[PDB]
Every structure is written in structure tokens, then in C-alpha cells.
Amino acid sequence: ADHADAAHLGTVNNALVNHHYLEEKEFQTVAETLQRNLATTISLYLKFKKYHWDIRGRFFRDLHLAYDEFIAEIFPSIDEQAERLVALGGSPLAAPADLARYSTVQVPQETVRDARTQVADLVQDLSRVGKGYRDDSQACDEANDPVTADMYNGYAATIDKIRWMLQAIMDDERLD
């Protein structure tokens, strides 16, 4: 949570870095959410891709294409969240080990062929991520950062929407 703060490195070309209009503790609150959400988004991209590549069965086209649509929707938020953190005097992480540590979403290491399995996995992730943005929006606003909060409201709407579609798809006993 403090591993994202880059205003006190004391290193070259870092002298002017500060937390703009946010107090130290407010930045701590916001930066925690930004770094966490950044790792999560990137991880969702990788996860959607993995399932995108490994899916097989009669619902191959449905999920393979849907995953890319979902990726297109969330991809822009990767750069947006990272630079928002930067604009606040923070440094975004992007290394595999940092992704693994801060992401609320785990990317599979196994080959998942089964459709219900991928979907249920994704649906649980999205419920968690969607509520995550709702809660982070409120936290940021309280932390006096309506700007980041605003960004989260948009992201939230997108996650919630994707959540609905995937949940709808798996709400079927004939699926399997």
C-alpha cells in the first residue's frame, strides 16, 4: 500500500514528485485502491485471454468471442488507473510478482476446457471486483478524491455489466 508511493524516493528526477491536492494519508487510501485495481485489471485481461485460448466444446464461439469483447471494455482502464496513480505521485507496479501479490483475481495455470468452470470462476471474480470498485469509489470520495472515485464509478458499471452476461450464461442446468 506504501510500495506504490513514489514521492519520497529521494532519487534523481524525483525532486518535484508530490501528492498534488491530497494529504499524505488521503494518498495512502487512494493509492492502495489504485495499485490493487491496476493489478486486478491486468490480471483480468490475462485471465480472459487464458480462457479465451483454452475453451473448447459447443460453446467455444460464444465464450471465445465474449472474452475478447470483455477485454476491449476493460483494457483502457489499465493505462488510465496506472497514470492516475502517477498523477498523484505514485508509481504503478506491473511485474508478474507484483500482479500476483496485489490482484484480487488469480490467473489460471491449468488448462480449463470446461465452460461452466471458466464462467463460474469469472462470475465470482466479477462480483468481487464490481463491489470492489463500488467500495473504492466511496473510500476515495471520503478521502477527498472525487476524481478517482469518478473513474471507479465508470469501471464499476462495466464490470457489473460483464458480470451479468456471464452469470446469465451459466444460469442453466443444461450447461455442462
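Numbering starts at 1 and runs along the sequence shown.
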Inset, instruction - Higher average CA B factor in the deposited record is what I'm after, so tell me if that's 11-19 or 160-168. - result: 11-19
Legend entry - Highest recorded Cα temperature factor - choice among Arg58, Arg128, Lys49, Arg134: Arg128
Legend entry - From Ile78, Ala94, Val86, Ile71, residue of greatest CA B-factor: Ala94
Inset, instruction - Would you mind ranking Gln28 by its C-alpha B-factor against the rest of the chain and naming the third, lowest, middle or highest? - result: highest
Inset, instruction - Comparing against every modelled residue in the chain, figure out the third that the C-alpha B-factor of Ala100 lands in (lowest, middle or highest). - result: highest
Legend entry - Chain-wide C-alpha B factor ranking for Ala120, given as lowest, middle or highest third: middle
Legend entry - Ranked C-alpha temperature factor of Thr40 among modelled chain residues, by third: middle
Legend entry - Record-listed C-alpha B factor of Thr148: chain third: lowest
